[PDB]
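Order of the sequence lines sets the chain letters (A, B, ...), proteins ahead of strands, with each chain counted from 1. Because only heavy atoms are used, hydrogens play no part in the values below, and waters and symmetry mates are left out as well, while side chains stay in.
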Protein chains: 6
Amino acid sequence: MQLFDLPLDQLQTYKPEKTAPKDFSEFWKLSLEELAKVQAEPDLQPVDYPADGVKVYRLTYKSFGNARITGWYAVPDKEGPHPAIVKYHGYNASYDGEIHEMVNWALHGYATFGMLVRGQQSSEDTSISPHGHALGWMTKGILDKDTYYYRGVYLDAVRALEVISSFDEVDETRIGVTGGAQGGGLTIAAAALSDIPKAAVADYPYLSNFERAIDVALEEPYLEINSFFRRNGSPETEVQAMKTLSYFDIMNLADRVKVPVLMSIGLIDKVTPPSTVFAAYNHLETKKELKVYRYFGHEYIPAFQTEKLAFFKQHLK
Amino acid sequence: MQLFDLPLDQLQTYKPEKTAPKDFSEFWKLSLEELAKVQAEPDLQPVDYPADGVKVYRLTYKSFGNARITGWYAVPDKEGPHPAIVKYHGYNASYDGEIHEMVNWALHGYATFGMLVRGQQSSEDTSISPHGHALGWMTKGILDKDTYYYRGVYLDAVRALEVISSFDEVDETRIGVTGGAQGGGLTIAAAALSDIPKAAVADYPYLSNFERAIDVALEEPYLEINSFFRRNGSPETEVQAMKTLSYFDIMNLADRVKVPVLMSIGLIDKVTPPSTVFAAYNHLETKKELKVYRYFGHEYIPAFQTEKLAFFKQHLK
Amino acid sequence: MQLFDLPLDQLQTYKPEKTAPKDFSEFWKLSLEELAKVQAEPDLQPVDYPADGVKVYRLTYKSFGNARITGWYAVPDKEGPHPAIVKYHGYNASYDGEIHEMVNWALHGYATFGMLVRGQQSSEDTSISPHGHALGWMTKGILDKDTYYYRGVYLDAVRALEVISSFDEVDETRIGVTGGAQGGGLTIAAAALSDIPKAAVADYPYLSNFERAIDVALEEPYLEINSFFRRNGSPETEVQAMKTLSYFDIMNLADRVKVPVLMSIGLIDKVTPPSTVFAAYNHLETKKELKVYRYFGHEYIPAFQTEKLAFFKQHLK
Amino acid sequence: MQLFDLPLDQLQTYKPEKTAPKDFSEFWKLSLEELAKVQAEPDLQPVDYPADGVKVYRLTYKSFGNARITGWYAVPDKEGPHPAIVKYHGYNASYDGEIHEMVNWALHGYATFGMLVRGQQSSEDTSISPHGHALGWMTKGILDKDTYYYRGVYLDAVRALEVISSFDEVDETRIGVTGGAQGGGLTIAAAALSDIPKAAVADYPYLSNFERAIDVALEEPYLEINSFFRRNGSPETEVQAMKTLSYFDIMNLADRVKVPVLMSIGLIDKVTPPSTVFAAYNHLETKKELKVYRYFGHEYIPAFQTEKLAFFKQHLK
Amino acid sequence: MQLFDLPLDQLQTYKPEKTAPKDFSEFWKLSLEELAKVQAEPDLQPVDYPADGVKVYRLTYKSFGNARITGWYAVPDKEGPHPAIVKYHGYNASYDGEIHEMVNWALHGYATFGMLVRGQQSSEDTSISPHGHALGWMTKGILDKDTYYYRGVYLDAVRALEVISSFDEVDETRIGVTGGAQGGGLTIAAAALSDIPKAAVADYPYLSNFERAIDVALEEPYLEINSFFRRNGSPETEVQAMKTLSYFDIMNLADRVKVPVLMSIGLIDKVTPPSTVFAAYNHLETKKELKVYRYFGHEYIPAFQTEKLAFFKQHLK
Amino acid sequence: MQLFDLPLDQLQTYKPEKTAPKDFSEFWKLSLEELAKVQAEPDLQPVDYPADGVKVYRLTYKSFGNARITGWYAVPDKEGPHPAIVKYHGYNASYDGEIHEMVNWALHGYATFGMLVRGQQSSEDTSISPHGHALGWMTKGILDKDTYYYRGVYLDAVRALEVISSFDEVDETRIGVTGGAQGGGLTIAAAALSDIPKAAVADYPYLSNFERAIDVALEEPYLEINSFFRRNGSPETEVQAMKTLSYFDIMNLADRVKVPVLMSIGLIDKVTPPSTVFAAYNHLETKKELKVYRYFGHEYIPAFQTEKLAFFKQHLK
């Protein structure tokens, strides 16, 4: 409800040292190679939706681990090719896939795919639980980079871009990526791991500066990590777990992004604390802007919606 | 903190109609057949533990879906065969597997294995997430009995009994099952699905009378189901989910338990509401006793521990 | 979080006696006469908005008590006349007037004005505070129907319809009204007080069955009334206040609605309790449907948005 | 419940720069001139009250904007003239005007008037809502000094002194002002804006050091300002709003007070944070004392009541 | 915040069977005999207090168990004899003995003593803790009527009346008793155990219908009893504790009150639930009135203070 | 739930100046002399308990102020002498004396006595309430060292050691002391005041660095002191109360301990804040180790149980 993290003057210069291990780049190269071995085999199934001016589909494709990934895909009912958006959603926060949002993005003139996150909403997570974990997804497979939950998720997010760009009706040169919280971290991960996106808008991105997040966050879900360490108390487990996390920490991916990025942060956000978002932002080495909202937390920011629409119109239209 | 469910006189006669589908028995027969196809291949690894009078091991075996299930196994350091206990734990509630508790059970004279639940603590869950679920395990695979989370868990609980009974140092004719909440539901399930247990103690059992649970509970984790319906709103989804749950509802399993049962319930328990526990109890057709504690909720009840120790001494020693 | 009001079978037949005083109709006739004395003098000011396919304006008009009422007005950028919607907002719940929502309604093909409520957001409330009130608007002027806050608000809601219907680009025979909570009460009030609307959608309407609302609600803002009685304890004050409220209670207005109505209610809604909404619904004498959502409270219900879009497409297009 | 603001050693030297604009003095001169144009036309109406030794009245007078302002006025039943007190009340915190308190002040020998704040309790607020505001009074008319809620309130508080001093039975040379929270800020405002008061006692005064208050407060009602900025997000609105506030910030008025002042602060007060009260106190340039209570918050402090009674006896008797 | 106990029509006829044991009267006769053995030896020590019209003292006397009981005693500074009041305070709710309140009672014309409760504030509790109890006083000595905390407290309350009536300046034929919650229970107890009071006012009395209180209360301190049963689980302990409590339950004492009684209850009071207060009220057989306040809980009710002052003026002056 | 106190690097060097008054040592010498004047007169009463391998008793002895102190005493069913433990319990936190814990300690091979704290559980507190105090035991008799609650408690804890060591079956040279929170402070007090213990294990000890605890604690029960100062506001009372506390503050006793000490602290513990525990630890001048658990609060720490068992096995076996 109120200020809690570092003061803004300190946030502005907050830039922790990268925590990427020596084999970080090799890990991601190998991961993308694993993804490439699965044929996408995309399937569009039309959907009845109560609107004119748009055609709505259920898009399904195959991704890492042969997982079936799905979401709503909405297209302007006009001759293309169209600019496009892949939209990523918040942690445990998709209610029937946000169909109405995707439709509205299409009515704004974007062929839009709302990728649903494996295991959270509609999409399948074929990765196993190798060692047991705290309630939630944050510590699933955390003892090894190869088994960690977000490995499959990040690869799915790249694959979404490969699939949508392959469509005749989408202009592969004008694709944006967007989302908030988990959706914002997937936005930054996708732009770091794929050359497809032309521009990125990330609301208060999650999955950033893990070492600080678990010490400063006051709400879920970063605190699932804390919960995992309570239930698995070995000092060696904690060291391994933090190392695994560092391959997915968007502050370590951020220097790979080479397109324009617009980002938001609300200063009272206790879920994705300001410091962790400034850390990601400050590691970006690209055309970038951070919109800071003093009185907002982990939530829809109306002013930023205006910024987002103007940014995508500028870069994709 | 205070009374909230049906008054006692109503609880005493609360016996909802069974919700088991016509193919309930066949489903369990077929699930047991799938388990039987997997060779247990038990492995005992000695552990140095700071106590005399007991030998402590890490026990691992294979179960449904080729899952590696594990736990601490503690044995009186004296000539057997010994009476034995399989102990099941609460939802998301195992902290390094309760090694100290298992040791204490062995110092009480019982060869004791604390089965750790697949995906929650140490043990592997090889079952996939076929459709996306609310945060937690309660709705994992809920759209099909064959994929539902507790299918594997129940089978693992049966497999624990098969493994322990097979050891030379355990008297297979004097094995008890116990646990609280999730652990109490697994106790009833194991006693319903296996002829190995001689007697059972279930503290405030979970996984009971789901249709009422989701309408009366005031705390997690029954409300994960509610969360899943919020995120997946189709009426047909809800019907299917409840149908799936009815195969695992211990009130439907309860009439298969043929051994003595001691059960508890705290009348201010908002997690496993009294009415849900009375439903399970009232469907038992076996020697049974329910201990009702007016002033306790979802928590350790000292007086019931005395009852439990006395019950197992009576039946196993 | 959980069920709390009357069970469904009771809600279905919950129809309290109307509380309208004998001079209820005359009061409304006289209030409409006062409104009619004020020339609307509508003013449209174009806005640069970052979307194609729509024209966006700030619409201002004059209303009861010479109040300046305003909102965003968005129009499909194509040849009219267009179907139209007047959208009303929740209590204290407008953030810069929902400009993005109004634009989206226009991209769906509806010339749409989001009336901002006098004193809450942008619009002027010229009505005085004659006697002092509890924090909020609910008890402002409550000691006299003529001075009560929602007198002006209801008249402004009627005036919005008169203004929009008067535009050349709007088809006056295909205007809908919609809104949630306070916005849903205004929807019903506008449909009761004006023959202009063709159809109405009200999400969980507020301002209904006040005598029950203040005894069953568990959250703000019905409880402002309770707060006012705490601060102004005279028995005669309470009688007068409830009397005032009965002129504005939508259950008393409901039988004047002559167009099709779609309504929602979440069964765990502690703000606009189910019983209060069923009362309004059950007093409608018109083509109507109430969508009941077991697992939702006072919040956005995705499935109802689909229903709403389908309803307006059916009735307006 | 616990310490939260600056440590006491830092509080003691906390004295922010004044934020008064260049036309601050002219604004107040003009405001008082506006007040002077309204004839007070005071009216005393006797009241039945169950006590001997006091006569109780309802005092009504006209003030700025022709507003009817009222409150209970209690007088020692003995020949005067009497020393007198004007008592001001907390935000939204008067329950039927605190008649029993006023009577007790009269039994202590003071002709006492408890001014009730326009719009909050009994008294009329004739000032309009020019632009819409967040729930409450704190942001009503905040975009212009001339329309801002506290302009009328402060002028009413001065007018109360003019009215009571005009009574034959009150000794105009022995009038105190007192109150807590909002009542304390009105106390300081009245003593800064009027030469009538002889002495002032302010409990934990509100309306002080606004820039800090909205960043440090953890309870209502300072946080209404934050709420207003959430709903009206333009950077220019925020700058205007803070400027308007600065004409009413008692830290800017405080250097005008020329009578003895006694003030209290509780160190755990999260409504009127210690720092904001120290700011007001430290800007006083008069005979002054601040009583600091480590273990008290926003509440009645028994020890300070003793201090208050002794202070008024010293200065008014 | 909201209605929760039996509806009013049920409260009005709620009259549980008395729970007094067969030796209830003899216990009280014997307890009064024990009190009588202790010479009161009253001591008045003048206090300098900053008010005219009253003389203020610290009054100390000896009571049951040779306990030193004390409080503030304030007297109109004029020729007596005076009507008098003994005021009893709430549980753990005395802050330096309410000196200011006692003074105000004296300025209203009543020689007033605020008995401070042994062990809670200033006064000594010489009774031991014979068996260990839950945090608080409610279960201190609860295993035996002779050792129970409120035995001494009730006797001290009777002794206060004996002491005050013995002063030359108090008219022994015009003494009232008053207090709220714990203070209201002591008011009823004192009126039941002593013929000295002429009339009694009890705000929402505590210590009533214990069997229902511990099943319906939602706040401390009835729930201390529940806490004691959690910590001391023997069924025989609970039976004995409830038996002890029945000697002190004011519903069992109520039919001994022979003077006029005015009582209050707020219908949202979760501390002294309405049903518990109606039980005490309904067992009175004397001139009586219960004032019911729909919108108030366990708190100061301004309107009731007017009733109380009017009642004592009627009966004592 | 999250970090709140000084950062760990600062905790590690946190060592406040001792607050022991000049007569600290003399006070304790005199206190122990008072204890020695009471003959212990120990009594063992056998108990039925459902276990083999242990004999269980109720041990009662007489201590300071002729108080009857009791608890469960469990002995290995084998020929001794045995190593032994005296276990002390948490504030208001013993549920029927933790019989099952004591039995388990005996099954681990220790003759174990769980001393129950006078007035809290089973044991009698013969010390009176001399002046009235806040709800709870923390401020009982706080205005004088001689009457203060913990004087009797600490002496009881020493007497427990004298009694158990006197038993033929216990090896007086191999006695440990242990407990958590209040139990941990009694552990340190007992080892400072008695030469009997061979080794000590204290979980997150309470009763330490009082001046800081009341300023940093965010939960009960340190905050009872704050509550006492609210209800007894004299500056002199506060100075006296802090002085009394300093004779019992284990940071002042700690330098007297001459046996090995193992201690734990959880970094999110808001009951016994990290700083207060580091203060005690840092004043120890003996063989010592502090186990710091980042993710744990005021609760059972499984890893530390392993540390505790290994430490006692090392030092007592």
Considering only heavy atoms, which portion of [X] lies under 4.5 Å from any heavy atom of chain B: side chain, backbone, both, or neither?
| X | answer |
| --- | --- |
| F228(A) | neither |
| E224(A) | side chain |
| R118(A) | neither |

Count the heavy atoms belonging to other residues, nucleotides or ligands that lie under 6.0 Å from [atom1] of [X], then report whether that count exceeds 12.
| X | atom1 | answer |
| --- | --- | --- |
| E211(B) | CD | no |
| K62(A) | NZ | yes |
| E33(B) | CD | yes |
| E34(B) | CD | yes |

Flag the pair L135(B) / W137(A) as yes when at least one side-chain heavy-atom distance between them is below 4.5 Å, and no otherwise. yes
With a 4.5 Å limit on heavy-atom distance, are the side chains of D96(A) and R231(B) in contact?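 Counting from C-beta outward, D96(A) and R231(B) never come under 4.5 Å.
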Hey, what do you get for [atom1] ([X]) to [atom2] ([Y]), rounding to the nearest 0.5 Å?
| X | Y | atom1 | atom2 | value |
| --- | --- | --- | --- | --- |
| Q121(A) | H133(B) | CD | NE2 | 11.5 Å |
| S127(B) | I128(A) | OG | CD1 | 9.5 Å |
| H131(A) | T70(B) | NE2 | OG1 | 14.0 Å |

Find the one option among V117(A), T139(A), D125(A) whose heavy-atom pairs under 4.5 Å with chain B are most numerous.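 Most pairs with chain B among the choices: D125(A).
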Do you know the tightest heavy-atom contact between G119(B) and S129(A)?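 Residues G119(B) and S129(A), closest heavy atoms: CA-CB, 4.1 Å.
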